[PDB]
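Q: This is the structure I want to talk about, given as structure tokens.
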Amino acid sequence: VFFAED
Amino acid sequence: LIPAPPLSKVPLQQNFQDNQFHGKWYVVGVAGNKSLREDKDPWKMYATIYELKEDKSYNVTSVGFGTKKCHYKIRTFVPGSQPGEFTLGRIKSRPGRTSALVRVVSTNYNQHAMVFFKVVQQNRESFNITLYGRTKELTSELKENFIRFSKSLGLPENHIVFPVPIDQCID
């Protein structure tokens, strides 16, 4: 789900 | 894996204002150095809330939609070597984990931001540029500029994704 950033 | 660019190629927003970068942002573009198999489910837009604290760290909460349920991710970004730079985590890497360097390349605070990240997780290195918006709408001239900037760091267009806007979980 959290594929960008850190 | 395309190699990460030297930090000399990555601009830093001048006179970065932490209290203006605070708040909710949608992830409206991402360009990263791996892969992209066309044989997948489309990457859904998610949101990240940057809450500035009195100690000048951010409490950083992401919220997104999986299949069937909402997911959350909470972590702390602490100021780095100059305004607009951050590192992940209050205490530097405990047992076995993730480290990151964050540089805010450009923002106008009330519309968009471009933010560069270098990450290590389980000894694996990656980098990305994330394009954030205060709203979900992404228009062509900003998509073009994000593609040009991404290409300036060595990423070709097939490594650039504009996540699909959704209503579940993120507002």
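Sequence positions for chain B are given in Swiss-Prot numbering; the residues included correspond to 27-197, in order.
Any Cβ shown, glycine's included, is placed from N, Cα and C.
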Q: From the list B:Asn59, B:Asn85, pick out the residue that Swiss-Prot labels N-linked glycosylation site.
A: B:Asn85
Q: Distance check, please: Cα of B:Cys195 (disulfide bond) against Cα of B:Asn85 (N-linked glycosylation site), rounded to an integer number of angstrom.
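A: Cα to Cα, B:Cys195 (disulfide bond) and B:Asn85 (N-linked glycosylation site) are separated by 19 Å.
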Q: What three-state class does DSSP give B:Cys96 (disulfide bond)?
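A: DSSP assigns B:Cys96 (disulfide bond) to strand.
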Q: Applying a 10 Å Cβ distance cut-off over all chains shown, what neighbour count does B:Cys96 (disulfide bond) have?
A: 13
Q: Which three-state DSSP class does B:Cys195 (disulfide bond) fall into?
A: coil
